[PDB]
Amino acid sequence: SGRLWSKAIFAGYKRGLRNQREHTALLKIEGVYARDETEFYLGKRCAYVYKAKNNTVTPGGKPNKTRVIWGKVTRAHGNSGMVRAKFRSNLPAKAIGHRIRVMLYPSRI
Amino acid sequence: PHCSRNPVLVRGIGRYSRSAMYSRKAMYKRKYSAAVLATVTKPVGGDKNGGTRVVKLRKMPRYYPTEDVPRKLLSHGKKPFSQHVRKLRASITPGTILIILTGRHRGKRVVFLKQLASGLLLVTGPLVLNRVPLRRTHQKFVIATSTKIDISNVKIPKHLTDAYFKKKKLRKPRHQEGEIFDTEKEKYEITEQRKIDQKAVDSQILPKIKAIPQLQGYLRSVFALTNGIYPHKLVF
Amino acid sequence: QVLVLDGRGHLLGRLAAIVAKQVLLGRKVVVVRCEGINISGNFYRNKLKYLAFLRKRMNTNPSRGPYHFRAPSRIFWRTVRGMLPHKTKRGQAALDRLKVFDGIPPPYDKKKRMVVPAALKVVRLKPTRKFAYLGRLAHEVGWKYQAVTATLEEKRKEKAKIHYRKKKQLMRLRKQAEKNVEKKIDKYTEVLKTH
Amino acid sequence: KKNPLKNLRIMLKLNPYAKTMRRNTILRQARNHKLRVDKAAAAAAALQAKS
RNA sequence: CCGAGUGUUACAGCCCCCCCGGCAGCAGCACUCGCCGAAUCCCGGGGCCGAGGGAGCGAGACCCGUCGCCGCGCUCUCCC
RNA sequence: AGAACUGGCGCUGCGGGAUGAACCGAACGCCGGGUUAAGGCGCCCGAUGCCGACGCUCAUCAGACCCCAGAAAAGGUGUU
RNA sequence: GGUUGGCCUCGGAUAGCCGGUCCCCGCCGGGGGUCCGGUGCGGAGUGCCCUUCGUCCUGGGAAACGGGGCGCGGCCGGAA
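Conventions and cut-offs
- Per the conventions used, each chain is numbered from 1 along its written sequence, independently of whether this matches the entry, and residues without coordinates are not displayed.
- Chains and ligands are labelled by the order in which they are written, letters from A for the one and numbers from 1 for the other.
- Only a portion of a larger assembly is displayed here, and every value given applies to that displayed portion alone.
- Remark: hydrogens and water are excluded; side-chain values derive from all non-hydrogen atoms of the structure.
- UniProt positions are given in the numbering used here, feature names are shortened, and annotations may be inferred rather than shown by experiment.
- Any pair of residues with heavy atoms lying within 4.5 Å of one another is described as a contacting pair.
- Polar contact is defined as a pair of N or O atoms within 3.5 Å, subject to the rule that within protein one atom must be able to donate a hydrogen and the other to accept it, and that residues adjacent in sequence are counted only when both atoms are side-chain atoms.
- Residues were grouped as follows: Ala, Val, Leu, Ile, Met, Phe, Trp, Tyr, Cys and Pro as nonpolar; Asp, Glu, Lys and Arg as charged; and all remaining residues, including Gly, as polar.
- Nearness of a residue to a molecule or strand requires only that one of the residue's heavy atoms be within 4 Å of it.
- Every helix listed is a DSSP run of H or I at least four residues long, and every strand listed is a run of E at least two residues long, numbered separately from the N terminus.
- Any carboxyl oxygen of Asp or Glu that lies within 4 Å of a side-chain nitrogen of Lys or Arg is treated as forming a salt bridge with it.
- Burial classes: relative accessible area under 20% of the type maximum marks a residue as buried, over 50% as exposed, and values in between as partly exposed (1.4 Å probe, protein chains only).
- Buried area is understood as the total, over both parts, of accessible area removed when two parts are fitted together, assessed with a 1.4 Å probe.

If you look chain D up in the PDB entry, it shows as 60S ribosomal protein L4 from Homo sapiens.

As annotated in the PDB entry, chain A carries the name 60S ribosomal protein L35a and is attributed to Homo sapiens. Per UniProt, the comment on chain A under Sequence similarities is "Belongs to the eukaryotic ribosomal protein eL33 family."

Engineer: Got a minute to help me understand the interface of chain B and chain A in this structure?
Structural biologist: Counting residues at the interface gives 19 residues for chain B, matched by 19 residues for chain A. At the boundary of chain B with chain A, the tally comes to seven residue pairs in polar contact. Tallied by class, the residues present in the side of chain B that touches chain A amount to eleven nonpolar, five polar and three charged.

Engineer: Explain the protein's contact with RNA strand E to me, please; I cannot follow it from the model alone.
Structural biologist: Taken together, the neighbourhood of RNA strand E is formed by 32 residues, with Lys72 of chain A together with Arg30, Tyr32, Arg58 and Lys72 of chain B sitting nearest. Near the protein, meaning within 4 Å, the atoms of RNA strand E are sugar or phosphate in a fraction of 59%, with bases accounting for the rest. Between RNA strand E and the protein, one listed contact pairs a sugar or linking oxygen with a backbone N or O atom of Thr74 of chain A at 3.3 Å. Here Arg22 of chain D contributes a side-chain N or O atom positioned 3.0 Å from a phosphate oxygen of RNA strand E. Going through the elements one at a time, β5 (71-77) of chain A, α1 (18-24) of chain B together with α1 (11-14) of chain D are the ones with two or more residues in the surface near RNA strand E. Of all the elements, β5 of chain A adds the most residues to the surface near RNA strand E, at three residues. Of the residues belonging to the surface near RNA strand E, the class tally is twelve nonpolar, six polar and 14 charged.

Engineer: Would you mind showing me how to read the pattern of salt bridges here?
Structural biologist: Once their charged atoms are close, side chains differing in charge can pair, the charge on each being opposite to the other. Residue and element names in this part refer to chain C. This model, assessed by the stated rule, comprises eleven salt bridges over all chains. A salt bridge links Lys175 to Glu178, with the nearest nitrogen and oxygen atoms 4.0 Å apart. Of the residues examined, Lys175 reaches a relative accessible area of 64% and is grouped as exposed. A relative accessible area of 38% places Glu178 in the partly exposed class. Among the charged side chains, a salt-bridge network with shared partners connects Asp6, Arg33 and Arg113.

Engineer: For this particular structure, what's the right way to read the interface of chain D and chain B?
Structural biologist: In many analyses, interface size is given as the accessible surface area lost on bringing the parts together. Each partner contributes residues to the interface: chain D has seven residues there, and chain B has nine residues. Taking both partners together, chain D and chain B bury about 600 Å²; carbon and sulfur atoms supply 67% of that area. The largest share of the area that chain D buries against chain B comes from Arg23, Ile26 and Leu27 of chain D, three residues that together contribute 66% of it. On the surface where chain D and chain B come into contact, there are zero salt bridges. Taken together, the links from chain D to chain B amount to one residue pair in polar contact. A class-by-class count of the residues in the side of chain D that touches chain B yields three nonpolar, no polar and four charged.

Here you go:
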């Protein structure tokens, strides 16, 4: 019981001005607003929880209608401290603005 | 045998050079110029017969496969898992209150005891503050907390090791009949010996906690980020 | 959930630069009392470039075409309409999360409004240079509802002053009620640790 | 091409003096660290023994 | 009279500047000298991405090349 | 309209100049990581959400970045 | 699609804020001395729920409003 993940929305794709590169997203986690203080979040394992029609889940519990796309923080981005991240899929581009879930794994400190 | 007789200071660089090592060993007065079985016969056990039979064992193959992939290329020494190294973070010492993150427990504050010969580390909240038994957890899936307690002479039991924490099951069926393995319908009762191993290490963690007042409520609680709770604005 | 921006003292574009980014991230921002929005430059200049804005009009019929909104809620709303990519569906649904309200509604008058110190007339302009209200340049052009908008504010600022009197009436006790010496210990733990 | 200057015994395969160039200078910057803790303490605990 | 503030001419009875003989122990340091740096330099720790591809001059080799060059440690002598 | 020296479009995409044959970068197998060029960094739009530095500037027709997209003489007790 | 909610002064910026006897508002508050605090601690960089694991034996502090709610019934309160 209790949330064990820092909040984070999905902000866009790693783009130039015309073309975008789909292979790495970039985020905006809630709370960092400077590059100098995002060093905690490098390497943390982040996940995109969403809903769909069948079931397919992993633990001992029976499958229900949730499925996920895992991923990890690659590096920092910009002076204002947002974070780009490379999932093991590409984001569906529907998730623009809706949150992802940055966990507490990869915890060095 | 002897010890190294060369202290290291950088990994792979000794402190004494090539000429001074020749004096420390004193190799000048120990320089030197000095200096199959396959099997045997079985008995005969035979009449109208002679000759105890052939030296023959580990014979030829009856059957070669059609093709073979060529042999590997040796690449380097790339030693297996029970031979590498053990490493912990510097902020985990015996008695450091940890935080579970990946488990079924998921946040329960526990007490670190000992990092075994596997990289994983045996760690328990005591059984009467949490419902955490003497489980192993991993290094990188737990957050260490800067509050500590001194269990420097806790006298930790010998026979609990990696081998005491393994999981087992054995296959009788390879055949489509209406059992799902026919032994998975069974709660496990190895617990009738782990209990005796618990209160032989649980019973001396409780008086070590009750020196500091607030702590037996602190292990009772669970860790949770809610609203003003920001890590990197949080000294753990 | 929802953030409720107050609108007085703010500049127009400096606010809507911030609002248009916080709405493309998925929040719901509600701009409240957009009537009292300052705008830069003297009043007669801002009136001209909104009077000369009114002639932007397609010549063959104006029923199709440039929809000059006049109320100062839909003045600010058209500004965010410029600074959003509203032709995509990514921008159509960035106007589903903005509802700038003229005056203060009853859903939001018993909320606590927020202010942004990146768009304030206090912080941003040098104090010797003239400004203009979105109040009386929107009334001067078309928006015929200035009287009945300020009339409802004094009914809001009547039931607010009696609330602010009665919250401090409630608050006057918990400094004097805290006076008892009975609860001494639970303040060792907080004067030491950020009371 | 494994990088020289970043792993050892590839410098040494190409430059054998580079190891004894290294443990001649780690000594003169570990003994000079002791010469800046001892001399430092002999002027940090010096006037701390005055007053 | 005390205390503050104006306007004074006035060279020490707050101070500063330039000289002529001195010590402490001096750090490019009490984050302004942040200089330019390194055969005058090395050590440690994170993060990301990848893992591409029958080597036995020797024992007539035998489940099965941890092997080549390189830098190493110990013994085939002793005391402690 | 016509010539001289070099380069380019013509045969050529790509990042930039809002769009563009020739301009500034840079010339192309299929891609993973890294870094930059001309350019930029309030919002469209990746990036100043730096506690940036020192000034100039009120426009009832402000100004805003090569080629490049609307201007001169003369004048102002505007103001530096 | 989401992993707790803030139930509200007005406004000032070369200043505003809190606490306050007296006179003026149908027995409470508009108007002045007086007392505080001010890079805002009567601090949405804060605040209160709160991270309450459940439950028992069993002591101390705190506690005379009990608190879930089909309640049962009255009331007046809030028009943008």
